[PDB]
Amino acid sequence: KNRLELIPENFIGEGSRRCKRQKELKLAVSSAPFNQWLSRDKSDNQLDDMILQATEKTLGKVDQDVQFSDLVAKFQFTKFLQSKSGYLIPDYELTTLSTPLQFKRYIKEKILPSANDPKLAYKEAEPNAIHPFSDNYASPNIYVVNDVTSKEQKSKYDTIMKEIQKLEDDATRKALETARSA
Amino acid sequence: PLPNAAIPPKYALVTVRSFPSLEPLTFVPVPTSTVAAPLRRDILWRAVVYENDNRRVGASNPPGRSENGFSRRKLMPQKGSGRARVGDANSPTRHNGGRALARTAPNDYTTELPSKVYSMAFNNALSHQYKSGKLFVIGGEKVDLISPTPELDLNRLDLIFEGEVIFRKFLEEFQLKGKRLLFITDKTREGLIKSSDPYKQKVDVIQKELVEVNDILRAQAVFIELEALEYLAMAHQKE
Amino acid sequence: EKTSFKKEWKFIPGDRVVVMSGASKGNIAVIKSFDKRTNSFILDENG
RNA sequence: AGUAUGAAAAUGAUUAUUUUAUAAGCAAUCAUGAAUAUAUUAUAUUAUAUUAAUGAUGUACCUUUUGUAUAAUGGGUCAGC
RNA sequence: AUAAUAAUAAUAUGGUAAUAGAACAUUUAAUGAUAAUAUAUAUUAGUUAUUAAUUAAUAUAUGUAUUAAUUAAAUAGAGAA
Ligand SMILES: [Mg+2]
Ligand SMILES: [Mg+2]
Ligand SMILES: [Mg+2]
Ligand SMILES: [Mg+2]
Ligand SMILES: [Mg+2]
Ligand SMILES: [Mg+2]
């Protein structure tokens, strides 16, 4: 003789087939057999030693500024570099660059900046994108207003409000309890 | 003499991989003409447009004053009415009538392109893709491998059904969830297609012989068999 | 007449039922009768 | 001749601002007082907007013509085609 | 030895029939971020040598562009029957 409320504890059935499937898929994704030869991503200090390590692995004690001996060796070097780094290099780049030092330089130029600053990264949808800061304009009068998405800000605000609610409400509850006690 | 008269580089290295993950096995040297051609966008444009034209259905069929339903009766006498002159009620001048210069049944929008030009365009597309670094070649049986092909993963470009899960995992790994991709395959890898069909909207799976320039250009990342690639090269050679 | 079903219903007048997604969502009610044309049920005093 | 929606116009009534009962003609443009309205920099000796004081200038538009204000052709207005 | 912009000097810039060159609006297809602090349409006042677009305020939608741009095309622009 009451309204039960629709909480999943009261439900008993083998339905929600489209949700169950999704859940299963998620589970599978979480634990699946896969090579994954690039787990952690490469800081510039790391890069500095990484190249050396690669050289040691491959060709032994040879100058980094000097060219590769053979193609197989080069391939070996490059693969190793990729694996240690986390970021795979475009085949064109591989074809072009003919020395470990050169490779390192390329890496520094290209993949390092996006690793440190995440919003400075390359989104394909806008290839002609530009990312200016107030520092770039060498003058006090010029400044760049921060691009914080009007969604993110909103979310933050909401979170703050929630936190406040949790706090003040909790305090009130505590007070009430105290009153009840004495 | 003519100074600065160098000889051009004739080859370019494309790293062969293994398609569930993508672990580099070998370098293969492919000719410069099919993978490092300078970007001639106008040639590309010629191809793409041509392709589009050929793809048209062309079913614009409004009724002309001939095909429109009315009778041929002259609605009003020539004179005596004090009104404007009228013929049959099919004139495009009147709201219910036919359309002037109507387009009729199957409209043919097909155009021609020299085969050589088309081939060049194809090559150019491939080159562009390679330059982008969004060309990925998969293969093994045909060439000597430097690193040995790993276990639990093959070189066939093939895979609830488990395959789908694997595909999903691969996508997750390679940061190419939302973006469109193109699998150029040597034969009908049915399993692969089955795996991919959940992500059908963003996934093209194409048989070798039927790959289009548009399809390559459209695709944000292309995955091709080594054999298929070779075949393509042979097709759009030069001679 | 073709679209209406005839059992082929998921419920029968008499049995007890929970109603959700309405103004009285989470309600409990006895289903008193059905309207065939509309393929719908009428619920005791509630719903 | 589907269902929603509808500050689209032509068209009607009404109210407000303004001009108008010694003034004559494509009803506009330019000059130029005055009155009203709005304006979170009207600081004002302010700025915009509206409005047929008053002055000057000003033969509708198309078509066809050697040539049209023509009293030559065509159009009641608006919307859609 | 180019392009874009800005100078200096010069010459040229009425136009029917007609020829030539360059743009914009609308709609569809290919590619395509983004977001209710956004967008679309409308009204009013601004702005840019201005058939266009943009800014601000206002009103109505809509969990949101076939959106910017480049192509391809057109049932692609109406006071004149
Ligand atoms: Mg005259
Ligand atoms: Mg008349
Ligand atoms: Mg002229
Ligand atoms: Mg038309
Ligand atoms: Mg009209
Ligand atoms: Mg006009």
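Residues numbered from 1 in each chain as written, not as in the entry; some residues may be left out. Chains lettered and ligands numbered in written order. Part of a larger assembly, values for the part shown. Heavy atoms only, no water. Residues with missing side-chain atoms left out of burial classes, pairs and counts.

A. Quick look at the pattern of salt bridges. All names here are of chain B. For the coordinates displayed, the defined rule picks out 14 salt bridges over all chains. Where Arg65 meets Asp88, a salt bridge forms, and the shortest distance between an N and an O atom there is 2.6 Å. Here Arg65, found in the loop between helix 2 (41-55) and helix 3 (115-132), pairs with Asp88, found in the loop between helix 2 and helix 3; they are 23 residues apart in sequence, far enough to count as distant. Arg65 gets classed as partly exposed once you look at its relative accessible area, which sits at 40%. (Salt bridge = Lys/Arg side-chain N within 4 Å of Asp/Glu carboxyl O. Helix = DSSP H or I, 4+ residues; strand = E, 2+ residues; numbered from the N terminus. Buried < 20%, exposed > 50% of the residue type's maximum accessible area, 1.4 Å probe, protein only.)

B. Quick look at the nonpolar core. Residue and element names in this part refer to chain B. In terms of nonpolar packing, the biggest core is built from 33 residues, with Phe122, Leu182, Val211, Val213, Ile216 and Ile224 touching the most fellow members. Tallying contributions element by element places helix 3 first for this core, with seven residues. Setting aside residues up to four positions removed in sequence, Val213 forms contacts with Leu44, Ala47, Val48, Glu51, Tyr118, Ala121, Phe122 and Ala125. By size, the runner-up hydrophobic cluster in this structure holds 18 residues, among which are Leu176, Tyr199, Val203 and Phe223. (Core = buried A, V, L, I, M, F, W, Y, C linked by side-chain atoms within 4.5 Å. Contact = heavy atoms within 4.5 Å.)

C. Highlighting the sheet that holds strand 2 (residues 27-35) of chain C. Residues and elements named next belong to chain C. The sheet built from three strands is open, its strands ordered 1-2-3 with antiparallel pairing. The open sheet terminates on both sides in strands that have one partner only, identified here as strand 1 (16-19) and strand 3 (40-43). Across the sheet, the mean angle separating the axes of adjacent strands is 60 degrees when strand polarity is ignored. For strand 1 and strand 2, the ladder comprises four bridges, and the chain directions are antiparallel. Residue pairing across strands places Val18 opposite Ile28, the latter belonging to strand 2. (Pairing = 2+ DSSP bridges. Axes fitted to C-alpha atoms, helices over the stretch in contact; angles between N-to-C directions.)

D. Main features of empty space enclosed by the protein. Considering only enclosed or pocket space, the largest cavity measures out at about 40 Å³ in volume. Around the largest cavity, the lining residues are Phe75, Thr78, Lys79, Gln82 and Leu94 of chain A together with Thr15, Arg17, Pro24 and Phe27 of chain B. Listed by contribution, the elements that provide at least two residues to the lining of the largest cavity are helix 3 (71-85) of chain A together with strand 1 (11-17) of chain B. The element contributing the most residues to the lining of the largest cavity is helix 3 of chain A, with four residues. Classifying every residue of the lining of the largest cavity gives four nonpolar, three polar and two charged. Around the second largest cavity, the lining residues are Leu171, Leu176, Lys177, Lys179, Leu181, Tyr199, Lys202 and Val203 of chain B. Its residues assigned to classes, the lining of the second largest cavity comprises five nonpolar, no polar and three charged. (1 Å grid on protein atoms, 1.4 Å probe; cavity = no way out; pocket = protein on both sides within 12 Å on 5 of 7 lines; lining within 4 Å. Points joined across faces, edges and corners; volume = space filled by probe spheres on them. Nonpolar A, V, L, I, M, F, W, Y, C, P; charged D, E, K, R; others polar.)

E. Here's a closer look at the UniProt feature "domain: KOW" in chain C. Look at the UniProt record and you will see "domain: KOW" annotated at residues 11-44 of chain C. Each end of residues 11-44 of chain C is marked by a C-alpha atom, and these two atoms are 14 Å apart; helix forms 0% of the span and strand 50%. (UniProt positions renumbered as here; feature names shortened; annotations may be inferred.)

F. How the structure looks around the packing of aromatic side chains. If you walk through the whole model with that rule in mind, you get 21 aromatic pairs over all chains. Judged by centre distance (4.9 Å) and plane angle (90 degrees), the ring pair of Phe75 of chain A and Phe27 of chain B falls under edge-to-face. One end of the pair, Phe75 of chain A, is in helix 3; the other, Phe27 of chain B, is in strand 2 (residues 26-31), on a second chain. Ring geometry for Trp9 of chain C and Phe41 of chain C: centres 5.2 Å apart, planes at 55 degrees, overall tilted. Placement of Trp9 of chain C in the segment before strand 1 and of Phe41 of chain C in strand 3 is noted, with a sequence separation of 32 residues between them. A residue is classified by how much of its surface remains accessible, and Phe41 of chain C, at 28% relative accessible area, is partly exposed. Among the aromatic residues, those joined into a ring-pair cluster are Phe19, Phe136, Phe167, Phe170, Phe174, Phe183, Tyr199 and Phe223 of chain B. Stacked on the ring of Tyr109 of chain B, the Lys or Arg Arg56 of chain B has its end atom at 3.8 Å from the ring centre. (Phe/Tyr/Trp six-rings, centres within 6.5 Å; stacked < 30°, edge-to-face > 60°. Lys NZ or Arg CZ within 6 Å of the ring centre and 35° of its normal.)

G. Representation of the environment of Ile43 of chain B. Residue and element names in this part refer to chain B. Within the secondary structure, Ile43 is located in helix 2. What makes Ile43 buried here is its relative accessible area of 8%. Among all residues touching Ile43, those that are not within four sequence positions of it are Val117, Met120 and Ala121.

H. A look at the arrangement of the chains. The highest contact count of any of the two pairs of chains in contact belongs to chains A and B. A gap remains between chain B and chain C, which never touch, and the nearest two C-alpha atoms on either side lie 29 Å apart.

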